[PDB]
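Student: Submitted below is the structure of interest, expressed as structure tokens.
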Amino acid sequence: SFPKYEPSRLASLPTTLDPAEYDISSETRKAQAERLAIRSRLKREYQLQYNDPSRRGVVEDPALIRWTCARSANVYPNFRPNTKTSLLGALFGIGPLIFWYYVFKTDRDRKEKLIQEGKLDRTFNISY
Amino acid sequence: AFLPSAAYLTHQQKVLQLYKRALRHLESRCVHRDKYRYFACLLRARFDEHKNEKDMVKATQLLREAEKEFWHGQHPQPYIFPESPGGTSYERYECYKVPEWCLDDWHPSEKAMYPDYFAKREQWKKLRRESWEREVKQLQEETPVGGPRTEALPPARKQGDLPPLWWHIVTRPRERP
Amino acid sequence: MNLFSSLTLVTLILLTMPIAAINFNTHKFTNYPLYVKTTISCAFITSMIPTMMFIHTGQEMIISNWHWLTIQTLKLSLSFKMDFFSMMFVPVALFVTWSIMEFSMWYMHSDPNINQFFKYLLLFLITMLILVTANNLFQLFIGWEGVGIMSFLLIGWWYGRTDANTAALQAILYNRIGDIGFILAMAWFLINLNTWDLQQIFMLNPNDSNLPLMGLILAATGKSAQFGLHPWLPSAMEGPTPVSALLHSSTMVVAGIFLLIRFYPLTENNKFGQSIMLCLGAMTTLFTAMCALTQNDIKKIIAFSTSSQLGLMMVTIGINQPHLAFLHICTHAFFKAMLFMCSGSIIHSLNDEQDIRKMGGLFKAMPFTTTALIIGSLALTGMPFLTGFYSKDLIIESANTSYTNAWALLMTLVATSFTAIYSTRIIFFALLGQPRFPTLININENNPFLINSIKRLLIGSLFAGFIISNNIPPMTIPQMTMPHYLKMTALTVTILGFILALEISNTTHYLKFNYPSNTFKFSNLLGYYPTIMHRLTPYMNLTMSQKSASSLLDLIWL
Amino acid sequence: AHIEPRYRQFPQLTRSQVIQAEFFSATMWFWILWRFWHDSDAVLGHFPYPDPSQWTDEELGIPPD
Amino acid sequence: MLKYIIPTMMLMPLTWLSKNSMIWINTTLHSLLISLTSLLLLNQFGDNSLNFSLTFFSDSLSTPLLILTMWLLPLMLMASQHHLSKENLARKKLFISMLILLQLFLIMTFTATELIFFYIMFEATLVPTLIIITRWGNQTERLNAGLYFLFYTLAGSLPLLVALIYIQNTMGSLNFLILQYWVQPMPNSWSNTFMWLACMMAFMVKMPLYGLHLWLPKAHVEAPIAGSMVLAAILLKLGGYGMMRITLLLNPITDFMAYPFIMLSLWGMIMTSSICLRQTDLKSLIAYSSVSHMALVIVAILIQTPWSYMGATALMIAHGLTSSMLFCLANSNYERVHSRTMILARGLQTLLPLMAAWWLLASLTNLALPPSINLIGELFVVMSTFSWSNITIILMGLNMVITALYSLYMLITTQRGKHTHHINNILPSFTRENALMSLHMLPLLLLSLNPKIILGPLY
Amino acid sequence: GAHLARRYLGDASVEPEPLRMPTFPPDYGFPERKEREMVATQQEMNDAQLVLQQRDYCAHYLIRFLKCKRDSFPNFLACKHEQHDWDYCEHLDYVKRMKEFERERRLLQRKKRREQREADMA
Amino acid sequence: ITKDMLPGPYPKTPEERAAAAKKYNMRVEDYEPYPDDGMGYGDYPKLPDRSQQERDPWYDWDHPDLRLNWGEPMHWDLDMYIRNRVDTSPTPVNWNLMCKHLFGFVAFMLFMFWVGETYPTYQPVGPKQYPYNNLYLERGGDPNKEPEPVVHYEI
Ligand SMILES: CCCCCCCCCCCCCCCCCC(=O)OC[C@H](COP(=O)([O-])OC[C@H](O)COP(=O)([O-])OC[C@H](COC(=O)CCCCCCCCCCCCCCCCC)OC(=O)CCCCCCCCCCCCCCCCC)OC(=O)CCCCCCCCCCCCCCCCC
Ligand SMILES: CCCCCCCCCCCCCCCCCC(=O)OC[C@H](COP(=O)([O-])OCC[N+](C)(C)C)OC(=O)CCCCCCCCCCCCCCCCC
Ligand SMILES: CCCCCCCCCCCCCCCCCC(=O)OC[C@H](COP(=O)(O)OCCN)OC(=O)CCCCCCCCCCCCCCCCC
Ligand SMILES: *C(=O)CCCCCCCCCCCCC
């Protein structure tokens, strides 16, 4: 019939073409009502501090503080050296260093061999 | 799906929103006005063919392949209104929307440039601060246990009181400063 | 002699004087935009005298007036090159900018940051005439990065809007990718030729100049929105209308083309650079003109128009005809600035409406705007003996009659037809037919600022090709002998484009609804190129910028 | 007095903008017809393009052997 | 140099005998007078360095770092006086005394005629900086950085000490003037390989090197503003100064010992710049930018051409000014919103237009807008590394894209977009803060007029 | 443009290649062929600062036209006939290039029919 | 802020998972962490990688530009999925179909320029002829040496 839309990593499926959006069951009513309840409670807890006149400053958001503490602090104490961590720290850790090492060493050996054989046009090359 | 009051979309709301998005994407497909108006009555007939469908599972399936029809026939760049999100003039003046509390940080030599304005702003702030504790003690006795269920707020009940959580909605910046 | 160099420097110092005025302010201004417009009018009048006494004798010179630095063999001096390119570009740029600012005194009147806007626009003009007059690569890099940064600041003018900041950072990204190649060219000339000065580059005249010309072609790709580094020029329509009119149609975006025209003695002795310029220009002038066929925002359509004209400029450099390319720059400035001004006059009249599907019926509502939009479109397409005829047709008259990549010529002709297609598409959806805009008509254009600002570029778009092409000396030999099917090529292809697009436009009144074709989905989503690479190349950067770079190596292992 | 905004109908026009628009449209077609009447070769052709086959073997030096 | 050391020491009785409301004004005044005095060091010659005594000398490498050092003290006194207002008066004088003592150590670190006096003053600069960072850093969480400072002491300064004592026994002197004329070629041997690592790794960590930069987005974060200013502006540049002195003795083994570390920097500036695109912490973003700019100075010293030394010392002066101004802008928002999170306070051009102008100018100097000396240093290093290898321009130019990308992102996030609603303590800009931004930026802009005084001894 | 189809779709053996031609001697078929006279002196076009692409066998018309263009300032429409003279003689130079091309094509036809006559006869 | 609202190690027991989902302010059923391979994410919730461009724009947001609320557990790459950056939004044409059309178009245009460079078009003319030994002294020839005679003839 029709071409079915293919989702991707950078092209998500729409809300309309997802089947689980069309759930009518009461457990989905419970989950949606609890999400609405948590969101309404957090909205109320925010805008009681936001609309307060006696507060003049920053309504601190512990989800934001928790996000920054996860992006900075929680990186080392939850590390475990295993096969996956060591192989991925050896691929992107000492891989491209070795790559550019052999590339630049090859080109510099080529250029040195051409200079000591009188081949490289180093005529007007007096700034270096 | 994601709404402030309801936790979902009713089937009636889904039908109306799909009808509206179909007409908007159709008007994007069908630039001229008489031509779009002809196809708009044709599409209204197509939507009113199964308006009287009692079976909600069959109406669910019909709505699902109607979404597939709408996705197969959508315009790639539909007409977005300029101040609608995705428009060319959307959120353009947000760099001019200074919050009101910055008037509190003015120097008194320029506060004296507009005497009536700040002399009235003092009693606006007075109104806000003698309304605040009354609307807090209004919200604390009406909210159920576990917090409020829905994001909607109750209105001002007594005479003389103000509706709760009102200052940033009333004193919001104009859309064209 | 003492008149030429003096008024040459007086033009640039006069352009810098309102910057000192706006920086040394205490009062609120007695119409500072009028002051900057008066200053740029007088700077135009000042620069007219060296141009006239260049047309009299051919008088070129260099003003290496201030010694700045000496790195052991490299004497970097403040050096201004007054040649044919500066003498034809400076009056055209000042005339266009003067019309853009008299336009902006009407269009940008509601903006409370109008003095900052005119300040930034003057800063752009100063950096651009630093670019086009520079005699070494370093001062040219100063003007180059200056027009890049003022492009950033004038795209992101409504800095609260997310899309404007996104488009400005996008333009900076693609321009710095071009700057990779510009710095490659500077590095090659400093190492192999011991100079950044143009004179020693041209006098030494190297033969193994493939690598610096590849660097310059990458620089012109980043700057003139060639294929691969193009989409920032359609993205850059998120800025205001006089920004897109002055900078991103006529003045800034020709600077990669100007960089390649500036280095013509290296390109005329390197056939490989000519072939790469020809292929890249034909690819860009095909692709952007094809994308322009199926768009609905009028600023996007005229930006694809100016990028297709830049691709055609790259084509006519690539056939070793640089002076025709620069005549096409000086020609293109007038009618493309006028087309953006008339489109923005429609936009401001129709209450910030830019989508052509809600326009129409403006032939008798906005008569002067309709007149000038038709004249600008006909100068764009190559109507006989408008200004766009005196260069672009000659481009085809040298693109046919030369040792040329054949497919590049065929795509050049397809682009020539597509220009007529989107021009009559603009005239169809925006001027013809019956109205589609909303019901509260506030249509008005009766301001002497708007009318005179479109009027002077209208006089330019009518007479300037004739005047300039009869005032410039020969620098090549014009190939004037060809068969009649080859002489009548560009006109016939343009009229075939008009006929095909009129048939397309008259298929829209029919009461039929067709499913979208794959060509329509390809050209409407911009060859799928800003949809993929703007998602994929950031993703593969930023996860790699977080998972392995920050978290894995530089917080745990190392 | 300015142009009043109108509703669902044709907006007010000035005599001056209409006569200027007609004047520049007449200027466009005047200049097009003028330079087409005087040049007539930048669009059509400057010089005759000769036929190569219509050239004789003596002026080109083709001895038949 | 004794006309500079003695006024810097007289700033100690000036700061301890001053009246309690006058101790910022007096130290700022007399340190600005010392910074005006600091221009007498511009008596340089095209052949000879300016050689004062047996203990102190100044070529055109040490002179601009001295002027920047003596200029940095009044700016640190301006920057650090707001958040010390509720401090005890004696603790405030202790802070000012540690700043003065750090300047005192630095201005005879850069002029050290002999290399072990350079080592003593070089490792003497760490102690007042340590005390400033850990007594006024507003939070101290250094569980991983203790082991890294142990790694700095093991792999760094102690092999440098043993190597300098070895040169003292071999050459008979560590006078740099004598070592200009008594230098022997350091040939290929394993003894000379460990000699090269001992002479270089202390300064490699001080730059910092990529992979060894683990301390710098911690020590910049956990510090007060004066500590971050002196770390970004001067204390990284001790490594580059020491490399440019000690690579006299390391020829010709440097011509094949530079190849690993050059890779560590040429790829490293690709990574850390990219790291700046994913920073939640603004101060950490400026720290990784400092790593991404000192990688070029490491490469330019290791390739040891004239254009590379000129570009490296111009980049050192320019990056000192620029990154010090960036940390001061980060503090001028942190003193209002009380958090370093870069996504917290947005849209600040709607609220602070002149401060957003300072953000724009510091970003344009950060991304090397010509003709600024950031671009002059960047550009000369790029030219010299093109002469080293013609492929490296890719790794240069790609860096010069990403260096633009996080520079404007830092501008776009903090200053542009929509303002944050729940933050209402955003005060207008104090005249102190704008004066601090101008005393950073206006010298940096005036040095574009006359860059020849910051291009080192072989201009 | 038909010769492009003759060289690509047909054979390139009989079509003269653009890069290296004439492949035949200039006296081959021409009894006592004369040279091409240059009218403007080398020093005269040296002082006129002409482009190296413009110093062909008819640059003297260009020198007369540029002297007229200098001397008729500001009346920039007063020297149309000198431009016409230069364009007409450049046209004649292009005609001479066409004559060289047709000469080379007809001598390659002579060689083709010669070897076909030799294959038919011997 | 205090410790029991800060992130911790990987949740192993279900009651630690419940304590974290109460800490991260979301449902326990939606709360999934990143898998404990040792990559240092900790107990942070694996949000389903939706760009903030995809959100409801007309919804009353706490952070309107971010399209984000107060107290909502943010995405791990929230700095990456802002509307100034990486988007994951649905497109009218499929992702692989876009990649196929782009690669076929770009590679086919490259191949057609290679075909046209293989077969160049030209004019039915001879080479351009210049006097004075192919302009020998003009093109940088030395005045002491004398080249071969470059003589052109009338036709
Ligand atoms: C030794 C004597 C020398 C004398 C000559 C001076 C030499 C240079 C000195 C410093 C120049 C900059 C000074 C102003 C900037 C800083 C303050 C500021 O922001 O003020 C805004 C304010 C105006 O704005 P506002 O509306 O009032 O309020 C701010 C707004 O709210 C919000 O602001 P905004 O967004 O509306 O507008 C900000 C706008 C934003 O505009 C931009 O960001 C655009 C800039 C980049 C693109 C354009 C330039 C590209 C490069 C080409 C030009 C340079 C080379 C030219 C040479 C020929 C070609 C090679 O910036 C400007 O307009 C600044 C103009 C000058 C910019 C210089 C380049 C900065 C870019 C980064 C570095 C680039 C390379 C280094 C350049 C070095 C030049 C020497 O200016 C003032 O009030 C002026 C204050 C006094 C200034 C004194 C300057 C001299 C100081 C030195 C003292 C010692 C020597 C004695 C000389 C005394 C002379 C009077
Ligand atoms: C209203 C303002 C105008 C001033 C009004 C009041 C004064 C009246 C007018 C008369 C002025 C005085 C007489 C003329 C001036 C003095 C002339 C003179 O010899 O001066 C000495 C010199 C001339 O140079 P020099 O060659 O003699 O010496 C150079 C110095 N050494 C040798 C050590 C390197 O300086 C000047 O003239 C300074 C003015 C320069 C003007 C341009 C400045 C541009 C700054 C840009 C910075 C970045 C550059 C990057 C680009 C570099 C190139 C790529
Ligand atoms: C003549 C020779 C021609 C040679 C051609 C081949 C070489 C060049 C190849 C193409 C390189 C450029 C294209 C890929 C990167 C493009 C990134 C970009 O522009 O992102 C834009 C994107 C927003 O775009 P858009 O989706 O339109 O936004 C509006 C609505 N959201 O904005 C964002 O998403 C923000 C992202 C910020 C962080 C960017 C991370 C990626 C950085 C890419 C650096 C590329 C460096 C290349 C170096 C090459 C060296 C040789
Ligand atoms: C042989 O055909 C010589 C002409 C140049 C090459 C072919 C160009 C074909 C396209 C141009 C003419 C189009 C006429 C509608």
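So you can find residues: chains in the structure tokens are A, B, ... in the order shown, residues in each start at 1, and ligands are numbered from 1 in order.
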Mind the document's chain letters and residue numbers, and return as a count of residues only the residues of segment 17-88 of chain F that DSSP labels helix (DSSP H, G or I).

Tutor: 28

Student: Enumerate as a PyMOL selection string the residues belonging to chain C that approach chain B to within 10 Å, with only C-alpha atoms taken into account.

Tutor: chain C and resi 110-113+157-164+237-239+294-297+351-360+429+433-436+508-516+520-522+524-525

Student: Output N, CA and C atoms for every residue in the selection just made, as a CSV table (one decimal), in the first residue's frame.

Tutor:
chain,number,residue,atom,x,y,z
C,110,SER,N,11.1,50.5,13.1
C,110,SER,CA,10.5,50.0,14.4
C,110,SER,C,11.5,49.5,15.3
C,111,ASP,N,12.8,49.3,14.9
C,111,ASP,CA,13.8,48.6,15.7
C,111,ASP,C,14.4,49.7,16.7
C,112,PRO,N,14.3,49.5,18.0
C,112,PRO,CA,15.0,50.4,18.9
C,112,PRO,C,16.5,50.4,18.9
C,113,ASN,N,17.1,49.4,18.3
C,113,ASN,CA,18.5,49.2,18.2
C,113,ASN,C,19.0,49.7,16.8
C,157,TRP,N,20.8,39.1,14.5
C,157,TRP,CA,20.4,40.4,14.9
C,157,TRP,C,19.2,40.3,15.9
C,158,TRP,N,18.2,39.5,15.7
C,158,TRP,CA,17.2,39.1,16.7
C,158,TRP,C,17.8,37.9,17.5
C,159,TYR,N,18.7,38.3,18.4
C,159,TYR,CA,19.5,37.3,19.1
C,159,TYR,C,18.7,36.4,20.1
C,160,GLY,N,17.4,36.8,20.4
C,160,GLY,CA,16.6,36.0,21.2
C,160,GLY,C,16.1,34.8,20.5
C,161,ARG,N,15.9,34.9,19.2
C,161,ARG,CA,15.4,33.8,18.4
C,161,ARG,C,16.5,32.8,18.2
C,162,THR,N,16.1,31.5,18.4
C,162,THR,CA,17.0,30.4,18.4
C,162,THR,C,17.5,30.1,17.0
C,163,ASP,N,16.6,30.3,16.0
C,163,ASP,CA,17.0,30.0,14.6
C,163,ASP,C,18.0,31.0,14.0
C,164,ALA,N,17.9,32.2,14.5
C,164,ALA,CA,18.9,33.2,14.0
C,164,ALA,C,20.3,32.9,14.5
C,237,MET,N,19.0,33.8,5.6
C,237,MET,CA,17.9,34.7,5.3
C,237,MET,C,17.1,34.9,6.6
C,238,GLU,N,17.5,34.3,7.7
C,238,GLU,CA,16.9,34.6,9.0
C,238,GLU,C,17.2,35.9,9.6
C,239,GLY,N,18.2,36.6,9.1
C,239,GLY,CA,18.5,38.0,9.5
C,239,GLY,C,17.5,38.9,8.8
C,294,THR,N,11.3,24.9,-6.2
C,294,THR,CA,10.2,24.4,-5.4
C,294,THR,C,10.3,24.9,-3.9
C,295,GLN,N,10.6,26.2,-3.8
C,295,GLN,CA,10.5,26.8,-2.5
C,295,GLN,C,9.4,27.8,-2.5
C,296,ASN,N,9.0,28.2,-1.2
C,296,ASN,CA,7.9,29.1,-1.0
C,296,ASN,C,8.2,30.4,-0.2
C,297,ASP,N,9.3,30.4,0.5
C,297,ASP,CA,9.8,31.6,1.1
C,297,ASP,C,10.5,32.4,0.1
C,351,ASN,N,2.8,42.7,6.5
C,351,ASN,CA,2.9,42.5,7.9
C,351,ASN,C,3.7,41.2,8.2
C,352,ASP,N,5.0,41.2,7.8
C,352,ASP,CA,6.0,40.2,8.0
C,352,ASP,C,5.6,38.9,7.4
C,353,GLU,N,4.9,39.0,6.2
C,353,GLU,CA,4.6,37.8,5.4
C,353,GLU,C,5.7,37.5,4.4
C,354,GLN,N,6.3,36.4,4.4
C,354,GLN,CA,7.4,36.1,3.5
C,354,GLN,C,7.1,34.9,2.6
C,355,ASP,N,6.1,34.1,2.9
C,355,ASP,CA,5.7,32.9,2.2
C,355,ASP,C,4.9,33.3,0.9
C,356,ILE,N,5.3,32.9,-0.2
C,356,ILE,CA,4.7,33.4,-1.5
C,356,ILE,C,3.3,32.8,-1.7
C,357,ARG,N,3.0,31.7,-1.0
C,357,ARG,CA,1.6,31.1,-1.1
C,357,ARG,C,0.6,31.9,-0.4
C,358,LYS,N,0.9,33.0,0.3
C,358,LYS,CA,-0.1,33.9,0.9
C,358,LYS,C,0.2,35.3,0.3
C,359,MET,N,0.5,35.4,-1.0
C,359,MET,CA,0.7,36.7,-1.6
C,359,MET,C,-0.2,36.7,-2.9
C,360,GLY,N,0.0,37.7,-3.7
C,360,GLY,CA,-0.7,37.8,-5.0
C,360,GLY,C,-1.6,39.0,-5.1
C,429,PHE,N,3.5,33.9,-8.2
C,429,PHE,CA,2.9,33.7,-6.9
C,429,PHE,C,2.9,35.0,-6.1
C,433,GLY,N,-2.2,37.0,-10.4
C,433,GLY,CA,-3.3,36.2,-9.9
C,433,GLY,C,-4.1,37.0,-8.9
C,434,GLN,N,-4.8,36.3,-8.0
C,434,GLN,CA,-5.7,36.9,-7.1
C,434,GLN,C,-5.1,36.8,-5.7
C,435,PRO,N,-5.5,37.7,-4.8
C,435,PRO,CA,-4.9,37.8,-3.5
C,435,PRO,C,-5.0,36.6,-2.6
C,436,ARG,N,-4.0,36.3,-1.8
C,436,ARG,CA,-4.0,35.2,-0.8
C,436,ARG,C,-3.6,35.7,0.6
C,508,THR,N,-1.4,24.9,-12.2
C,508,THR,CA,-1.8,25.0,-10.8
C,508,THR,C,-3.3,25.5,-10.6
C,509,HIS,N,-3.9,26.1,-11.6
C,509,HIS,CA,-5.3,26.5,-11.6
C,509,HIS,C,-6.2,25.3,-11.8
C,510,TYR,N,-5.7,24.2,-12.2
C,510,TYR,CA,-6.5,23.0,-12.5
C,510,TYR,C,-7.0,22.4,-11.2
C,511,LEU,N,-8.2,21.8,-11.2
C,511,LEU,CA,-8.7,21.2,-9.9
C,511,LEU,C,-8.3,19.8,-9.8
C,512,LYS,N,-7.0,19.6,-9.7
C,512,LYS,CA,-6.4,18.2,-9.5
C,512,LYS,C,-5.4,18.3,-8.4
C,513,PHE,N,-5.3,17.1,-7.7
C,513,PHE,CA,-4.5,17.0,-6.5
C,513,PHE,C,-3.6,15.8,-6.7
C,514,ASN,N,-2.3,16.0,-7.1
C,514,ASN,CA,-1.4,14.9,-7.3
C,514,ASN,C,-0.5,14.6,-6.1
C,515,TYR,N,-0.1,13.4,-6.0
C,515,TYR,CA,0.8,13.0,-4.9
C,515,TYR,C,2.2,13.5,-5.3
C,516,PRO,N,3.0,13.9,-4.3
C,516,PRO,CA,4.3,14.5,-4.5
C,516,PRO,C,5.3,13.5,-5.1
C,520,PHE,N,10.2,16.4,-6.6
C,520,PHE,CA,9.7,17.5,-5.7
C,520,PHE,C,10.1,17.4,-4.3
C,521,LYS,N,10.1,16.2,-3.8
C,521,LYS,CA,10.6,15.9,-2.4
C,521,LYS,C,12.1,16.1,-2.3
C,522,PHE,N,12.9,15.9,-3.4
C,522,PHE,CA,14.3,16.1,-3.4
C,522,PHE,C,14.6,17.6,-3.4
C,524,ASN,N,12.6,20.1,-2.7
C,524,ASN,CA,12.0,20.9,-1.7
C,524,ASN,C,12.7,20.7,-0.4
C,525,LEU,N,13.3,19.5,-0.1
C,525,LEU,CA,14.1,19.3,1.1
C,525,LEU,C,15.6,19.5,0.8

Student: As an exercise, work out the distance from atom CA of residue 493 of chain C to atom CA of residue 417 of chain C in Å and give it to one decimal place.

Tutor: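 Interatomic distance here is 5.5 Å.
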
Student: Excluding residue 57 of chain F and its own-chain neighbours fewer than 5 positions away, which residues fall within 7 Å of it when counting only C-alpha atoms? Please give them as number ranges by chain.

Tutor: F: 38; G: 130-131

Student: Collect all residues with atoms no farther than 8 Å from ligand 3, counting only C-alpha atoms and all ligand atoms, and output them as a PyMOL selection string.

Tutor: (chain C and resi 163+166-167+169-171+173-174+177+180+214+217-221+226-229+231-232+235+276-277+280+530-531+533-542) or (chain E and resi 277+394-395+397-398+401-402+405-406) or (chain G and resi 53+83-87)

Student: Taking only C-alpha atoms and all ligand atoms into account, which residues have an atom no farther than 12 Å from ligand 4? I'd like them as a PDB file with C-alpha atoms, in the first residue's frame.

Tutor:
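Output file out-v2.pdb is given in full below:
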ATOM      1  CA  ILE C 396      27.492  32.027 -22.255  1.00  0.00           C
ATOM      2  CA  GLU C 397      29.127  33.525 -25.353  1.00  0.00           C
ATOM      3  CA  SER C 398      32.426  32.400 -23.853  1.00  0.00           C
ATOM      4  CA  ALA C 399      31.145  29.212 -22.233  1.00  0.00           C
ATOM      5  CA  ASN C 400      30.067  27.791 -25.584  1.00  0.00           C
ATOM      6  CA  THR C 401      33.067  29.006 -27.591  1.00  0.00           C
ATOM      7  CA  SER C 402      35.916  27.617 -25.493  1.00  0.00           C
ATOM      8  CA  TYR C 403      37.747  24.396 -24.659  1.00  0.00           C
ATOM      9  CA  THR C 404      35.224  23.509 -21.980  1.00  0.00           C
ATOM     10  CA  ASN C 405      33.944  20.651 -19.869  1.00  0.00           C
ATOM     11  CA  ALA C 406      30.861  19.743 -21.899  1.00  0.00           C
ATOM     12  CA  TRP C 407      28.697  18.610 -18.980  1.00  0.00           C
ATOM     13  CA  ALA C 408      29.578  21.814 -17.119  1.00  0.00           C
ATOM     14  CA  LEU C 409      28.295  23.753 -20.139  1.00  0.00           C
ATOM     15  CA  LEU C 410      25.092  21.705 -20.271  1.00  0.00           C
ATOM     16  CA  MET C 411      24.445  22.223 -16.549  1.00  0.00           C
ATOM     17  CA  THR C 412      25.220  25.927 -17.036  1.00  0.00           C
ATOM     18  CA  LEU C 413      22.471  26.058 -19.667  1.00  0.00           C
ATOM     19  CA  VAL C 414      20.050  24.141 -17.412  1.00  0.00           C
ATOM     20  CA  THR C 416      20.171  29.529 -17.242  1.00  0.00           C
ATOM     21  CA  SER C 417      16.714  28.059 -17.883  1.00  0.00           C
ATOM     22  CA  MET C 482      30.045  31.698 -33.563  1.00  0.00           C
ATOM     23  CA  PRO C 483      27.171  30.044 -35.461  1.00  0.00           C
ATOM     24  CA  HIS C 484      23.643  31.361 -35.118  1.00  0.00           C
ATOM     25  CA  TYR C 485      22.352  28.437 -33.057  1.00  0.00           C
ATOM     26  CA  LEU C 486      25.300  29.121 -30.748  1.00  0.00           C
ATOM     27  CA  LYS C 487      24.856  32.907 -30.585  1.00  0.00           C
ATOM     28  CA  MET C 488      21.133  32.534 -29.836  1.00  0.00           C
ATOM     29  CA  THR C 489      21.777  29.963 -27.088  1.00  0.00           C
ATOM     30  CA  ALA C 490      21.222  31.855 -23.826  1.00  0.00           C
ATOM     31  CA  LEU C 491      18.191  33.836 -25.036  1.00  0.00           C
ATOM     32  CA  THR C 492      16.438  30.737 -26.410  1.00  0.00           C
ATOM     33  CA  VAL C 493      17.187  28.669 -23.290  1.00  0.00           C
ATOM     34  CA  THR C 494      15.884  31.522 -21.110  1.00  0.00           C
ATOM     35  CA  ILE C 495      12.668  31.823 -23.146  1.00  0.00           C
ATOM     36  CA  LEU C 496      12.251  28.017 -23.019  1.00  0.00           C
ATOM     37  CA  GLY C 497      12.533  28.298 -19.239  1.00  0.00           C
TER      38      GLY C 497
ATOM     39  CA  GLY F   1      29.327  21.183 -32.930  1.00  0.00           C
ATOM     40  CA  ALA F   2      28.731  18.397 -35.401  1.00  0.00           C
ATOM     41  CA  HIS F   3      32.485  17.753 -35.415  1.00  0.00           C
ATOM     42  CA  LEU F   4      32.252  16.826 -31.734  1.00  0.00           C
ATOM     43  CA  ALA F   5      29.874  14.055 -32.788  1.00  0.00           C
ATOM     44  CA  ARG F   6      32.199  13.220 -35.693  1.00  0.00           C
ATOM     45  CA  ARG F   7      35.174  12.850 -33.319  1.00  0.00           C
ATOM     46  CA  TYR F   8      33.437  11.105 -30.402  1.00  0.00           C
TER      47      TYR F   8
ATOM     48  CA  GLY G 116      32.821  15.630 -19.675  1.00  0.00           C
ATOM     49  CA  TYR G 119      35.448  14.296 -23.686  1.00  0.00           C
ATOM     50  CA  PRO G 120      35.906  18.081 -23.927  1.00  0.00           C
ATOM     51  CA  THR G 121      34.028  20.369 -26.291  1.00  0.00           C
ATOM     52  CA  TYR G 122      35.756  23.016 -28.381  1.00  0.00           C
ATOM     53  CA  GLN G 123      35.548  25.125 -31.569  1.00  0.00           C
ATOM     54  CA  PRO G 124      36.432  24.114 -35.168  1.00  0.00           C
ATOM     55  CA  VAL G 125      39.525  26.341 -35.188  1.00  0.00           C
TER      56      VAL G 125
END

Student: With a distance threshold of 7 Å and counting only C-alpha atoms, extract the residues of chain B near chain G and express them as a PyMOL selection string.

Tutor: chain B and resi 3-4+76+85

Student: For the selection just defined, write its residues with C-alpha atoms to a file, as a compact mmCIF listing (two decimals), in the first residue's frame.

Tutor:
# COMPACT_ATOMS: atom_id res chain seq x y z
CA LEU B 3 -0.65 18.31 27.45
CA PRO B 4 -0.95 20.55 30.54
CA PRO B 76 7.50 18.93 2.95
CA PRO B 85 6.74 28.09 16.00
